[PDB]
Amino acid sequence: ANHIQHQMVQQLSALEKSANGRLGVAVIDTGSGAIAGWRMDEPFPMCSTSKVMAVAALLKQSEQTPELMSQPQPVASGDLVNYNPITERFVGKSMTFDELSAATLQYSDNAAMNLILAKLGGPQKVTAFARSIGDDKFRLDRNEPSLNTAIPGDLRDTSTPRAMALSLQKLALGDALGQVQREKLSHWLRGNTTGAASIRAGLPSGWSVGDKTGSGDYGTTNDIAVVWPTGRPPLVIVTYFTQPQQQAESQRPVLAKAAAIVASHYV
């Protein structure tokens, strides 16, 4: 199903061309249930937007063992990879899975992601969790940092804008998780620190927003968001963007613009 209007298609098509890349956009109006998109069924490299599915899988596990999220987890220098803004401070010490989840979602800490993957049983178990909530497109093949290679034509570590939007809805707004867990996830997303230039920049400043960004090779520039418009049912917005050359620079303003285009057609 696709509820995208003619004008919106024209705008997103034009945006994609101006930016010299491949843009994937999905928006769900949770009030009506309507979904609208551009390239929303093509695979895109998820990069760090995959951290949401991993933290959600862990939260699901915590439903049957609430103390899971407060148990100390040792972190070692050997756990560190290419970007460890929070975890590098805890070498030789321990962090709870709550702390690791906040770190990976709000700062995109890659060592934290790998520690969470270890607890879950790896990328293949995050993929099995995605299937368990009805997502048949999500696939996590690798851990950090190799999951970010983002090569055109490569199916590893991809999802589609439609599938990720539907999953984010189920996890942050719907009933895929227990109440305590859903609220945890939603508050972590709302506290993201890396999203100011992406979807958030294109939305009305008064709106409450939770998001997770992603960034990778081929100038891959991603964001997935839950949006609480003023006096209106929430929206779910996915903006995926990737570029023709491996060394391409990020283009966060493309995501802001895509969000603005979407926002205008719904507010």
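We number the residues from 1 along the sequence you see.
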- Item | Per the entry, higher mean C-alpha B factor between 145 to 153 and 72 to 80 | 72 to 80
- Task: Return whichever of 87 to 95 and 161 to 169 has the greater mean Cα B factor according to the PDB record.
- Result: 87 to 95
- Item | Candidate set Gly219, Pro45, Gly210, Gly33 [ranked by C-alpha B-factor, highest] | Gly33
- Item | Largest Cα B-factor, entry values, listed residues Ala112, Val180, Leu189, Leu140 | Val180
- Taking the C-alpha B-factors as the PDB entry records them, is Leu203 in the lowest, middle or highest third of its chain? highest
- Message: Quick check on the deposited entry: does the C-alpha B-factor of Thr65 sit in the lowest, middle or highest third of its chain?
- Response: highest
- Query: Which third of the chain holds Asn20 when residues are ordered by C-alpha B factor: lowest, middle or highest?
  - Reply: middle
- Select lowest, middle or highest to describe the third in which the CA B-factor of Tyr240 falls within its chain in this entry. lowest
- Query: Compared with the other modelled residues in the chain, in which third is the CA B-factor of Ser215?
  - Reply: middle
